[PDB]
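Just below is one structure, and these are the notes that go with it.
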Amino acid sequence: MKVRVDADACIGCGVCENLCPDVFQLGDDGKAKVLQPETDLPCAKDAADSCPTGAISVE
Ligand code: SF4
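PDB author numbering puts the sequence shown at residues 1 to 59.
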């Protein structure tokens, strides 16, 4: 799966990191960072579905 994040939609809540720490990390600038742009981890989808602003897209 291709994982991307739209910085403009990201509010820096950190829910994606809570759910899938190996794929997402809340950076110091208060924005999510995608550690695994291409991943097979099922949690990437879960984090996307839980993002409050839909900033994460998993294809
Ligand atoms: S869950 Fe969404 S809004 Fe919250 S830090 Fe992750 S990408 Fe940003």
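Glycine included, each C-beta is placed from N, C-alpha and C at the ideal position.
Going residue by residue through the stretch 9 to 59, where are the continuous beta strand (DSSP E) segments of at least 3 residues, counting only ones entirely within it? 24 to 26, 32 to 34, 56 to 58
Rounded to a whole number of angstroms, what is the C-alpha to C-alpha distance between residue 7 and residue 31? Here the question's residue 7 lines up with position 7 in the sequence shown. Here the question's residue 31 lines up with position 31 in the sequence shown. Cα to Cα, the separation comes out at about 7 Å.
What residue from 57, 51, 59 has the CA that sits closest to residue 17's CA? Counting from one through the sequence shown, the residue named residue 17 turns up at place 17. Nearest C-alpha to residue 17: 51.
Are residue 3 and residue 34 close, meaning C-beta to C-beta below 8 Å? Here residue 3 corresponds to residue number 3 of the sequence shown, with the count starting at 1. Here residue 34 corresponds to residue number 34 of the sequence shown, with the count starting at 1. Contact: yes.
Where residue 56 falls, given that 16 or more other Cβ within 10 Å makes a residue buried: Against the sequence shown, residue 56 aligns to sequence position 56. So residue 56 ends up on the buried side.
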